[PDB]
């Protein structure tokens, strides 16, 4: 559907720029300070995710209702995947590189009160190291995450979504073979990377549970949620936890 050297050019050109959390690293870390900063980081990243998705070819040809649905449900996965890439490129996946001014070591993972989820996210980052994911594969795979979760009743124009998603799957397939392999080695690589994408979903589901817990207790825990974060978490996350969405896997 779209030439392989062109696709990578478009994806590189629209890739969001670095965003800082704005965290005061001179302060002592508390659960509330770290979680509020992550909430603030998510709001800042979410603004870039919308601008990014709008520039993804074919996305804005969806009905605006479906565009809302896709961003509302997939923003967690897109951000966690990009975070794993950042940790791979910056600290060789030894720490969680949420932002240049918000890097989690073991101490911050403990005081965040989601230590086990942080460990799971570092394991995801380590898969980048073991697989030696290219930047070209990363960009194609991240684009696919916009097409990873849909309502159980489907979208307004499900058929167009189906073909656009199939298209972006083909783009990943073509990028892998574009890089010199035999067809056997390219077929294994496609399975590895799609299995990597599917491994995101259990992590994302736990993160959706965790963020709804924080939101419910935000006042008592002194954990602040920015405005757009609150609008999505108070609307689409409950539907996710109610089983009203389905992940679109590969394996």
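Numbering follows the first chain given and starts at 1.
Novice: State which stretch shows the higher mean Cα B factor in the entry: 69 to 77 or 91 to 99.
Specialist: It is 91 to 99.
Novice: Compare the mean C-alpha B-factor of 150 to 158 with that of 172 to 180 as given in the PDB entry, and name the stretch with the higher value.
Specialist: Comparing 150 to 158 with 172 to 180, the higher average CA B-factor belongs to 172 to 180.
Novice: Out of 190, 212, 52, 225, which shows the largest CA B-factor listed in the entry?
Specialist: The C-alpha B-factor peaks, among 190, 212, 52, 225, at 190.
Novice: Taking the Cα B-factors listed in the entry, which of 201, 27, 45, 37 comes out highest?
Specialist: Comparing C-alpha B-factors across 201, 27, 45, 37, the top value belongs to 27.
Novice: With respect to C-alpha B-factor, does residue 19 fall in the lowest, middle or highest third of the chain as deposited?
Specialist: According to the entry, residue 19 has a C-alpha B-factor in the chain's highest third.
Novice: Could you look up the Cα B-factor of residue 9 in the entry and say which third of the chain it sits in: lowest, middle or highest?
Specialist: For residue 9, the deposited C-alpha B-factor lands in the highest third.
Novice: Please say which third, lowest, middle or highest, residue 130 falls into when its CA temperature factor is compared across its chain.
Specialist: Residue 130: CA B-factor falls in the highest third of its chain.
Novice: Lowest, middle or highest third: where is residue 123 by C-alpha B factor in its chain?
Specialist: Lowest third of the chain for residue 123's C-alpha B-factor.
Novice: Considering every modelled residue of the chain and its Cα B-factor in the PDB entry, is residue 63 in the lowest, middle or highest third?
Specialist: As the PDB entry reports it, the C-alpha B-factor of residue 63 lands in the highest third of its chain.
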